[PDB]
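Single chain ahead, by itself, as structure tokens, in the form solved without the ligand.
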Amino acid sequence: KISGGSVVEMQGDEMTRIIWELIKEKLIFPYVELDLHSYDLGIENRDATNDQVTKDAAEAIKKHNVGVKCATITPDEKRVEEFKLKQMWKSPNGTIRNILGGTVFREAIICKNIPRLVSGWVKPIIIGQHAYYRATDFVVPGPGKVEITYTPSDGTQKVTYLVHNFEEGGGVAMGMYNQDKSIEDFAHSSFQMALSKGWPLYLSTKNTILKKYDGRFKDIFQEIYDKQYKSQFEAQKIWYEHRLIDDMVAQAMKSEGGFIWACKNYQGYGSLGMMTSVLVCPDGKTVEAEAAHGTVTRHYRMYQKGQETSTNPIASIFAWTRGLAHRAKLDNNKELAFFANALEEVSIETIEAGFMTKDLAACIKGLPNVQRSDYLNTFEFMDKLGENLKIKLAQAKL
């Protein structure tokens, strides 16, 4: 077996909890031994520990640099009643993101025989937004001037901008800000992401409206690029380029994918089971990977009733491969790195060979026309993945 090293694992809820264990038993543990720091973020354990397990897991990722998380229940009124919760606990992902900070990158796994939004997309597209509300909103009770002013610490200037003169009645108003350091982090993660995946980085803004707000982003990116990054980019045939929201969307419809897209926003096509997410810290050392979808409660309800389920494990699987990939990069572990990529290859190869779960079959043929013989159920698909994994690894040996 491979010596994988230190990995922080977080267990989840409902259907993903089941798939998670299938992944560990069929795909990971037979080939990788890990110094595994496992945390049970199941809803009942989070309630029992008064959410302490969530904080402990966050600190564990901070210490060991690699975290892979299963989907978790974010409680609401119904969940509080269903589980007899003591509190409507905050989402584990919010707690973890707030402890680690960083930038989230979403990337949908592409298979040739699965329709994409843009027919021409051959390579993936990695979209990134910064994990930051810290905004001061208030009620304007009646007529009067709302103004926003800046005063430098040296007190040599004072600038006052009229936000609005309320002359008929009141309303609402707010102010919000952004620190340079937070914009710089967003850019560092974004450039390191483009270098890691070996693709070009595009930044899109709306400088035609918030000329000053978005212009600061444009400048901070260009500064960092031309300073510490331009070199590596020209080396790998990649580059950085700023785009307006229109020029960017256009360049995407005509493009073949294969680029990082940084957004200053203030999730659709392709089954949710194909979407991956990665929290990348500015330091470039810490990564937390996980599927972009949820616990799949509906499929779990079928399971509980004893009905066949067909749940896509790809996003969950790619959470492990990304985490193991980063762990291998940190440890210079060529064997683990080879495994992580082999597992990714096998998943796509199996789907592209026609073995797939119902969601993907529906994407191809349309749900009203899918037949039982068009797909595999949850356990059949995991079986096929494990079978092709064993073949692939053994064949690589020769």
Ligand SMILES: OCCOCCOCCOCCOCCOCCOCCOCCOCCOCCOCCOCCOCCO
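Counting begins at 1, following the sequence as shown.
As for the form deposited with the ligand bound, it is not shown, yet the points below apply to it.
Relative to the ligand in the entry with it bound, residues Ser38, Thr321 and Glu335 are all farther than 4.5 Å at every heavy atom. Checking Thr160, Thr136, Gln304, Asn113 against the ligand in the entry with it bound, a heavy atom within 4.5 Å turns up for just one residue: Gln304. None of the heavy atoms of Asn388 is located within 4.5 Å of the ligand in the entry with it bound. Heavy atoms of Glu59 never reach within 4.5 Å of the ligand in the entry with it bound, leaving it off the interface. In the entry with it bound, none of the heavy atoms of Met382 sits within 4.5 Å of a heavy atom of the ligand. In the entry with it bound, the ligand lies within 4.5 Å of some heavy atom of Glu44.
Scanning 3-33 for heavy atoms within 4.5 Å of the ligand in the entry with it bound gives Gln11, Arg17, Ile18, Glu21, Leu22, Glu25 in sequence order.
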